[PDB]
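Chemist: The listed protein sequences derive, respectively, from chains B and A.
Quick note on numbering: the first sequence equals residues 3 to 181, 185 to 521 in the deposited numbering.
Quick note on numbering: the second sequence equals residues 3 to 181, 185 to 521 in the deposited numbering.
There are 2 protein chains.
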Amino acid sequence: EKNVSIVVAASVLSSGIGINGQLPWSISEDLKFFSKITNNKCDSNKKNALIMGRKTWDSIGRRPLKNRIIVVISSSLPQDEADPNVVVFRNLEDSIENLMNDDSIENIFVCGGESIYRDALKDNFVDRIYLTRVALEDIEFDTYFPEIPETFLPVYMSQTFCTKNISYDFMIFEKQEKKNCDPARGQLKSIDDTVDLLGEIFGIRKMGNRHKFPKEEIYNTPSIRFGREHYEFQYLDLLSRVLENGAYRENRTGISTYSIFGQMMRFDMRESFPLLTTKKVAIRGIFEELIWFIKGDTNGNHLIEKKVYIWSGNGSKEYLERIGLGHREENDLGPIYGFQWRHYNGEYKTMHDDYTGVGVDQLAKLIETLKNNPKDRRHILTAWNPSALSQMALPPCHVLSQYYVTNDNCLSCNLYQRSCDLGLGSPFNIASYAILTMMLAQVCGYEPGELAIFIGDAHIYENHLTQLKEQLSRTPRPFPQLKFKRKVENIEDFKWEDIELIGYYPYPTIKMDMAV
Amino acid sequence: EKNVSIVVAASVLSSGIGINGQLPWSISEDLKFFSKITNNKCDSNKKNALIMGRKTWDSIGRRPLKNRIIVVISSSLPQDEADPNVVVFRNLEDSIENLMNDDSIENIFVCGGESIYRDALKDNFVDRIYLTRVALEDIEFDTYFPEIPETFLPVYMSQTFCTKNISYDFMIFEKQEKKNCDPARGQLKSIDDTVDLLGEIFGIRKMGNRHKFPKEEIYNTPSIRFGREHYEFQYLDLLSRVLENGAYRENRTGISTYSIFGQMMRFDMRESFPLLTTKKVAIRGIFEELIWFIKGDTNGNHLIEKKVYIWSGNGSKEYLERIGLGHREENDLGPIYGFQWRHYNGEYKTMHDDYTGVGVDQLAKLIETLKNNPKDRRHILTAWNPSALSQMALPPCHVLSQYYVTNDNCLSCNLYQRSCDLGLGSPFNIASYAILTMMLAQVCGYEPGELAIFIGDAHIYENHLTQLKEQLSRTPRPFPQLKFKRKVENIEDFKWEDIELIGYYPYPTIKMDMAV
Ligand SMILES: NC(=O)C1=CN([C@@H]2O[C@H](COP(=O)(O)OP(=O)(O)OC[C@H]3O[C@@H](n4cnc5c(N)ncnc54)[C@H](OP(=O)(O)O)[C@@H]3O)[C@@H](O)[C@H]2O)C=CC1
Ligand SMILES: NC(=O)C1=CN([C@@H]2O[C@H](COP(=O)(O)OP(=O)(O)OC[C@H]3O[C@@H](n4cnc5c(N)ncnc54)[C@H](OP(=O)(O)O)[C@@H]3O)[C@@H](O)[C@H]2O)C=CC1
Ligand SMILES: C#CCN(Cc1ccc2[nH]c(N)nc(=O)c2c1)c1ccc(C(=O)N[C@@H](CCC(=O)O)C(=O)O)cc1
Ligand SMILES: C#CCN(Cc1ccc2[nH]c(N)nc(=O)c2c1)c1ccc(C(=O)N[C@@H](CCC(=O)O)C(=O)O)cc1
Ligand SMILES: CN(Cc1cnc2nc(N)nc(N)c2n1)c1ccc(C(=O)N[C@@H](CCC(=O)O)C(=O)O)cc1
Ligand SMILES: CN(Cc1cnc2nc(N)nc(N)c2n1)c1ccc(C(=O)N[C@@H](CCC(=O)O)C(=O)O)cc1
Ligand SMILES: O=c1ccn([C@H]2C[C@H](O)[C@@H](COP(=O)(O)O)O2)c(=O)[nH]1
Ligand SMILES: O=c1ccn([C@H]2C[C@H](O)[C@@H](COP(=O)(O)O)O2)c(=O)[nH]1
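1. Mind checking B/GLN345: buried by the 16 CB within 10 Å criterion, or exposed?
2. Closer than 7 Å to a non-hydrogen atom of ligand 7 - does that hold for the CB of B/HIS403?
3. Determine whether the beta carbon atoms of B/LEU477 and B/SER97 lie at a separation below 8 Å.
4. Flag A/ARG246 as yes when its Cβ comes closer than 7 Å to any non-hydrogen atom of ligand 8, and as no otherwise.
5. Going along chain B, which residues have a C-beta under 8 Å from A/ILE174?
6. Cβ-heavy atom distance between A/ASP32 and ligand 6 below 7 Å?
7. In terms of residues, what are the limits of the beta strand (DSSP E) holding A/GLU108?
8. Report the rounded CA-to-CA distance for B/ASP144 versus A/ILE209, giving the unit in angstroms.
9. If we define contact as Cβ-Cβ less than 8 Å, is A/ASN412 a contact residue for chain B?
10. Taking 7 Å as the line, does the beta carbon of A/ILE62 fall inside it for any heavy atom of ligand 6?
11. Heavy atom of ligand 1 less than 7 Å from the Cβ of B/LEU155, yes or no?
12. Identify the continuous alpha helix (DSSP H) that holds A/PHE231 and give its terminal residues.
13. Using the beta-carbon of each residue, which ones in chain B are nearer than 9 Å to A/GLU205?
14. In chain order, what residues of the same chain lie with their CB nearer than 7 Å to the CB of B/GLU31, ignoring the 5 residues before and after it?
15. Could you compute how far the alpha carbon of A/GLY290 sits from the alpha carbon of A/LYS300?
16. With distances taken Cα to Cα, identify the nearest neighbour of B/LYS38 among A/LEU202, A/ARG254 and A/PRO513.
17. Against chain A, with Cβ distances strictly below 8 Å, would B/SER228 count as a contact?
18. Any heavy atom of ligand 3 closer than 7 Å to the Cβ of B/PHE111?
19. Can you tell which of A/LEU25, A/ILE265 and A/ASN93 has its C-alpha closest to the C-alpha of A/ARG56?
20. Closer than 7 Å by beta-carbon distance: list the chain A residues that pair up with B/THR134, in chain order.
21. What first and last residue would you give for the beta strand (DSSP E) that runs through B/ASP426?
22. With C-beta atoms as the reference, is B/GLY329 less than 8 Å away from B/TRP316?
23. What in chain A is Cβ-close to B/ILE260, meaning under 9 Å?
24. Have a look at the DSSP bridge pairing and note the partners of A/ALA189.
25. May I ask you to check if the CB of A/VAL10 is nearer than 7 Å to at least one heavy atom of ligand 2?
26. Measure from the alpha carbon of A/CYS425 to the alpha carbon of each residue in A/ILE75, A/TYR240 and A/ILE168, then state which is nearest.
27. Go to A/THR514, then tell me how far its alpha helix (DSSP H) extends in each direction, as first and last residue.
28. Taking C-beta to C-beta, are A/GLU237 and A/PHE484 nearer than 8 Å?
29. Between which two residues does the alpha helix (DSSP H) carrying B/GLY290 extend?
30. Would B/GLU455 pass as a contact of A/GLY204 if the rule is Cβ separation under 8 Å?
31. Using 7 Å as the cut-off, classify the Cβ of B/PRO400 as near or not near the heavy atoms of ligand 7, replying yes or no.
32. So, are the CB atoms of A/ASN41 and B/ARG382 less than 8 Å apart?
33. Report the neighbours of B/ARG327 on chain A: residues whose CB is nearer than 7 Å to its CB, in chain order.
34. Note down, in chain order, every chain A residue with its Cβ under 7 Å from the Cβ of B/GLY208.
35. Quick one: grab the DSSP three-state call for B/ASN377.
36. So is the beta-carbon of A/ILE19 under 7 Å away from any non-hydrogen atom of ligand 2?
Structure follows, in structure tokens:
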């Protein structure tokens, strides 16, 4: 029948595609994509046609595109014979007669101009859309990509890439007419039927039935079945798995959860920063807690003083009293994360004491082994100290991490987290250890690698159900970028002002109460 | 023309299906499977036909099967019109006219007798094979399932199930005809080509390019693309993953490996024991090293005396020397795990010293919490004590573990393993911590749950390449069962003889040298 597909690069929030007759931006990988995509064909004796409005024709210098035939739509341009790789038409519908004839034309692409896009869509001429989402807002646009008609559904979203600090995506939308998101399903009737029957026979007894694929009403952007490349699906899909399989269970806080044991999440950090886009995340507070950790600081007031209250709850007199630490000052949390990082096995007295020299400095050693022996398999940082647990406001959650220097020269990080509050703590942990890995990488002379998080008790607190369903209804946007303004000499030296968060265009923040 | 599939239950090694006119076993779930499968149909106005040899007809008492038509092949049986649900034919070929006609007959099943299977396969009448593999050998068989023709390929392998301590699967075989083993690829031209093109543009900058799908020549039983349910694939595919992506890198050993970071494996422990069948695995030494840890013993002699030599290489006078620990008696391994399990943070001297009372007894604490506070999110056991690494013959590989009591009353286990020798240590760790979980579960009144292994440095030593590729050429068999003959009072009371390993029919041992 001959496929007709739109190909465009529009800004993530406004769908801005042009300014004063030009592109709002310069991203070569995107042009390479345009070239590969429009050039891609089966028959060597055929060519693809690239339809475009006249202004776009002007915008590219009125020079032909190799191996392809350009079809310009113009009421004024003359139909001449000079170039046989460029041809003119008076309206879109007529040019569409690439279909009813030229058998030398394999595929058709609508290659843009807002005016051309809008018609092709209005008149139901396109089957597919290749959308390069560019994280560039707050800049002038005078040309837009129309809003994608509801008859289209996304089927692929690649990971975030980066060019000159600009984050971008690649999505594919397909028009689906007439008529499970599980990839290993709907593949072969006999396999699906057999597994289904085996499941009826055994019950909880078949491990698969303990790991049911999420029903679509809890599956984010469910139409994307085989192309969920964007690594934010790694967190959304874990949410879906616990919403689908979570056992309902009581716990120390009195606010029950839905709980599954033993999931994982991997995020790339070479091209982008894993800061969730489906909800606005408080990154300043994350950074402050991280730096607070690095300095082996356990004084909660230092956090509060900077208007960061994540540790207030577990620092209160009331709480400290409840767990048997009524002897502490307000906000003395005991030998937690920071202390175990800088002074492992050190004898904790109070937050006011000087501990320089005491305990084992894991962090310092980590940076030394990382520099001097990179391929060593012992780059570990731990916070689990059986002898210190009872003195901690809260036992270590992000419990152990290990660090792996690539042959590429990048720093990758693994973290086991015994207990993970998916709504409120996970987004934090992900970003936090993404930042730490980048800080470690800079002081050791490496580039950021990959981040993998392995979870024990992965749960959602029962008062976050409607909030996370809300979140799950939001399709993800390209991840932002995070850059350091200066190269520090000591990891303890980083400051908020040193952090540059580039291109973060999240959805509204979603309120969620933390369980004390 | 419609579908003809075989349904058979045969023993793992010899494919025995009968003895003295009956089955060698009684596994009701398999009868339930047989029933689901041969009853399975779309058109509510048609029925399926089950073809069987006369002897099989005798073996089921000559009583019709509900909702189905039974086709008996016999030279002697009278062709009566009496029961419209049972029909007789003089030969298998004539019977196949179920195709040509009886549009009441939706699908056809060859339901067996060795004589009937062997004919159906020889004359090319069957398209599919449903094959329940039973782990029973060393019992009498007089009837067998023919050897599956090479024109058939395996497309599914369920997990191992257990009935009356008998391990069993089911798997599907499909007949091949003309025509990527990757699940997500091959679903849409548009998506595969986009991902491909994107890969070309970005190269190593696209995470996916850093985790390529393994090429078939190194992927176990590649024809099974969407049905690799047998949890032995969790191990085998990790092997395949590093063969395909592993980075060549040197290490302290002197024997270079191939390395990838952050991987995971999952194993069920409810229906079976995860002891690799693609190679014979030494379970006894494993158990002996395990019970050794449990007791807190750091004395390497005790294992040698029991003829277990896994800790010799790293306990010799020459080795303890190269790492500056010669002031130590030979085979005095220092406070590794065991000491860390029973006396975490205790002050270590020699192995002969009496440590009762020193250090934190994590194991004891574990068991007392698993009992009194199952839902607790802190069941942790750690062996990574920075304050003690210097004096350990070797730093801890299986570094931390977490334990999770389901509402189902089972005990699941998570282990982070900083470094993992895939050819030598991994098969051991999977079994080791499987056993430890069953021990803990018996002792605490629970049933075995699931086992997940999170790995940091996942590698293969370069001298194991031939052995591993050999292993990768062996198709998995059902896992064996592992039961305790008695209920111990304390976990320190387990003894080799208390363990009954039922139904293990591994492939031959594969010799692999351990890098010191
Ligand atoms: N990021 C991206 O993906 C892309 C962005 N762009 C940007 O978009 C902008 C150009 O888009 P836009 O401003 O909409 O201009 P267009 O490229 O749509 O071209 C408009 C011209 O096309 C002809 N035309 C349009 N409709 C008709 C019709 N119904 N009948 C006959 N001729 C018609 C007219 O030419 P005439 O006056 O001769 O009749 C009109 O002047 C530029 O800034 C460009 O940089 C362009 C392509 C891609
Ligand atoms: N594990 C499993 O899935 C199954 C196992 N079994 C076991 O298999 C055994 C039975 O198999 P088997 O011993 O091979 O006997 P079969 O069940 O295959 O039946 C053999 C009979 O079928 C008829 N027959 C066979 N070939 C022909 C032919 N070419 N022309 C005409 N009639 C033919 C003959 O009946 P006649 O004498 O009337 O000519 C022959 O005696 C039993 O022990 C049963 O328990 C059976 C089914 C399934
Ligand atoms: C992990 C971690 C760090 N931590 C430490 C921390 C301490 C105790 C915890 N307790 C529980 N039950 N869950 C947690 O995630 C948790 C986290 C956090 C603590 C609180 C919040 C939280 O309340 N966040 C709110 C705050 C709003 C804001 O940041 O301005 C949020 O909206 O996100 C986040 C992180
Ligand atoms: C994990 C662990 C325990 N350990 C501890 C241990 C210590 C140092 C190591 N060093 C290296 N490089 N790899 C290891 O797996 C390793 C394992 C083991 C050590 C050796 C064998 C081993 O060589 N087994 C032989 C033969 C012994 C047998 O047949 O029983 C084998 O061929 O399988 C297994 C486990
Ligand atoms: C019409 N237009 C505007 C433009 C710019 N970027 C886009 N990007 C996308 N994703 N989609 C578009 N339609 C698109 N259009 C174009 C078209 C072609 C070239 C161009 O130079 N193309 C060469 C570029 C090749 C290269 O640089 O590697 C080609 O090979 O097709 C530039 C702008
Ligand atoms: C021919 N035969 C021997 C037998 C036994 N086990 C097998 N198992 C398998 N997987 N495949 C076979 N062909 C097979 N055949 C049979 C056939 C039917 C029944 C039988 O009782 N079937 C009932 C069983 C119903 C039930 O137990 O739930 C049915 O509904 O089909 C027993 C033995
Ligand atoms: O870095 C952190 C700190 C705490 N929590 C959450 C996990 C649990 O919801 C709660 C800890 O409670 P316990 O598992 O100790 O009961 O705080 C996190 O998710 N990440
Ligand atoms: O349970 C274990 C014990 C040791 N090893 C292997 C992993 C490495 O091959 C080697 C440890 O080397 P280092 O991490 O110390 O470099 O021992 C395992 O795989 N599993």
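No residue lacks a Cβ here, since even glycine has one placed at the ideal position from N, Cα and C.
Modeler: Answer, in terms of the structure:
1. buried
2. yes
3. no
4. no
5. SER195, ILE196 and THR199
6. yes
7. 107-114
8. 36 Å
9. yes
10. yes
11. no
12. A/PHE231 -> no alpha helix (DSSP H), and no H or E assigned at all.
13. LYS34 and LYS38
14. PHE163 and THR165
15. 16 Å
16. A/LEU202
17. no
18. no
19. A/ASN93
20. What B/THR134 touches in chain A: nothing, since even the nearest Cβ is about 11 Å away.
21. 415-426
22. no
23. Going along chain A, no residue has its Cβ under 9 Å from B/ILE260, so there is no contact; the nearest lies around 13 Å.
24. Answer is none; A/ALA189 lacks a bridge partner.
25. yes
26. A/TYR240
27. First-last for A/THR514: undefined, no H or E at that position.
28. yes
29. 288-299
30. no
31. yes
32. no
33. Chain A residues near B/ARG327: none, gap ~16 Å exceeds 7 Å.
34. The contacting residues do not exist; B/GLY208 stays about 11 Å from chain A at best.
35. helix
36. yes
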